[PDB]
Amino acid sequence: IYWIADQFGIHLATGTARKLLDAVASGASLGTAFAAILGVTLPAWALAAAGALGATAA
């Protein structure tokens, strides 16, 4: 995700997701604020993948 946002970056969230990206990067443990940002374009299962065994820098 940290690689697709650069090359592609088709889903630029410079609205509210910004305030989150400035926190999740240090401790992405949100369960409601993360699903509200990864629900506009990203899937729903991705929320469960964030835990472990999933893309962390992709």
# chains A, B, ... in the order shown; residues from 1 in each chain; ligands from 1
>>> select_by_dssp(residues="chain A", states="alpha helix (DSSP H)", output="list in words")
residues 4, 5, 6, 7, 17, 18, 19, 20, 21, 22, 23, 24, 25, 26, 27, 46, 47, 48 and 49 of chain A
>>> write_last_selection(atoms="N, CA and C atoms", output="compact mmCIF listing (two decimals), in the first residue's frame")
# COMPACT_ATOMS: atom_id res chain seq x y z
N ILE A 4 1.95 1.52 -3.76
CA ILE A 4 0.93 1.80 -4.75
C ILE A 4 0.47 3.25 -4.68
N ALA A 5 0.51 3.82 -3.48
CA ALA A 5 0.11 5.20 -3.27
C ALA A 5 1.10 6.17 -3.91
N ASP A 6 2.31 5.68 -4.17
CA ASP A 6 3.34 6.50 -4.79
C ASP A 6 3.27 6.42 -6.31
N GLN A 7 3.56 5.24 -6.85
CA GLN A 7 3.53 5.03 -8.29
C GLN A 7 2.16 5.38 -8.86
N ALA A 17 -8.16 11.41 5.82
CA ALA A 17 -7.21 10.31 5.94
C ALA A 17 -5.82 10.81 6.32
N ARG A 18 -5.54 12.06 5.97
CA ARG A 18 -4.25 12.67 6.28
C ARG A 18 -3.97 12.63 7.78
N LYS A 19 -4.91 13.14 8.56
CA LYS A 19 -4.77 13.17 10.01
C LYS A 19 -4.55 11.76 10.56
N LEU A 20 -5.01 10.76 9.82
CA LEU A 20 -4.85 9.37 10.23
C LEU A 20 -3.48 8.83 9.83
N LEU A 21 -3.07 9.13 8.60
CA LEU A 21 -1.78 8.67 8.10
C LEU A 21 -0.64 9.20 8.97
N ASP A 22 -0.93 10.26 9.73
CA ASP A 22 0.07 10.86 10.60
C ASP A 22 0.05 10.21 11.98
N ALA A 23 -0.69 9.11 12.10
CA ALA A 23 -0.80 8.39 13.36
C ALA A 23 -0.69 6.89 13.15
N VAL A 24 -1.41 6.38 12.16
CA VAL A 24 -1.39 4.95 11.85
C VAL A 24 0.02 4.48 11.51
N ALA A 25 0.79 5.36 10.88
CA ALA A 25 2.16 5.04 10.50
C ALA A 25 3.00 4.65 11.72
N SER A 26 2.55 5.09 12.89
CA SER A 26 3.25 4.79 14.14
C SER A 26 2.54 3.70 14.92
N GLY A 27 1.23 3.57 14.69
CA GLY A 27 0.46 2.56 15.38
C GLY A 27 -0.92 2.38 14.78
N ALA A 46 -9.48 -6.23 3.87
CA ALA A 46 -8.19 -5.59 4.12
C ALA A 46 -8.06 -5.15 5.57
N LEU A 47 -9.20 -4.82 6.18
CA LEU A 47 -9.22 -4.37 7.57
C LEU A 47 -8.73 -5.48 8.50
N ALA A 48 -9.06 -6.72 8.16
CA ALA A 48 -8.65 -7.87 8.97
C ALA A 48 -7.20 -8.26 8.66
N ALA A 49 -6.75 -7.93 7.46
CA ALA A 49 -5.39 -8.25 7.04
C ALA A 49 -4.38 -7.33 7.72
>>> atom_distance(atom1="CA of residue 45 in chain A", atom2="CA of residue 57 in chain A")
17.0 Å
>>> closest_residue(among="A:52, A:44, A:10, A:58", to="residue 28 in chain A", atoms="only C-alpha atoms")
A:52
